[PDB]
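Only one chain is shown below, in structure tokens, and it's the form deposited in one PDB entry.
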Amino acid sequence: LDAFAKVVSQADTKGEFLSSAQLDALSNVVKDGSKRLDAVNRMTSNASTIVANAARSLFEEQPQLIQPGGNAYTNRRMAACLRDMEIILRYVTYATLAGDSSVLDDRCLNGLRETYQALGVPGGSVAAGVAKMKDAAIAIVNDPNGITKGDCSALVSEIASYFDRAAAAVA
């Protein structure tokens, strides 16, 4: 409704009906909103798979994490690791829904590096796990089956930026 009211102001200033350009512009706002909801829906609905695929890739790459002495050794520690990735993924979907990183920053990333240091969690391995969630999430967002075909590339880039910001915040 924000973009619609601004277009009214512009048309009224001209004293004209909406132009074809203004109608296509507003139509693209509605299309972008719908694509954004598909991305949030696909990431939300598949949240456990995104977490599991990333964790599997991280542990296979960094087996020390789940060998004796590792920070994610024993299932109890492993489970808390999966829970952390779920939390970060949750705030990435919030950012995707809102179109900005304000909640992701204020509620999740601000001070998170310092929580991990208080705990001895290796933030650089959290960053790798977040970057792997990114790739799993994007493969799910970009799957063309089950959805109206179209371009989601700008949205996928924006989603990648949220994952990269979260990873860089904890490294």
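Numbering starts at 1 and runs along the sequence shown.
Quick note: we don't show the form deposited in another entry, though the next part is all about it.
The candidate at the hinge, the spot where one rigid part hands over to the other between the shown form and the other one, is 31 among 55, 86, 142, 31. Relative to this form, in the other entry the C-alpha atoms of residue 148 and residue 18 separate from one another by 3 angstroms or more. Note: residue 148-residue 20 Cα separation is 3 Å or more longer in the other entry than here.
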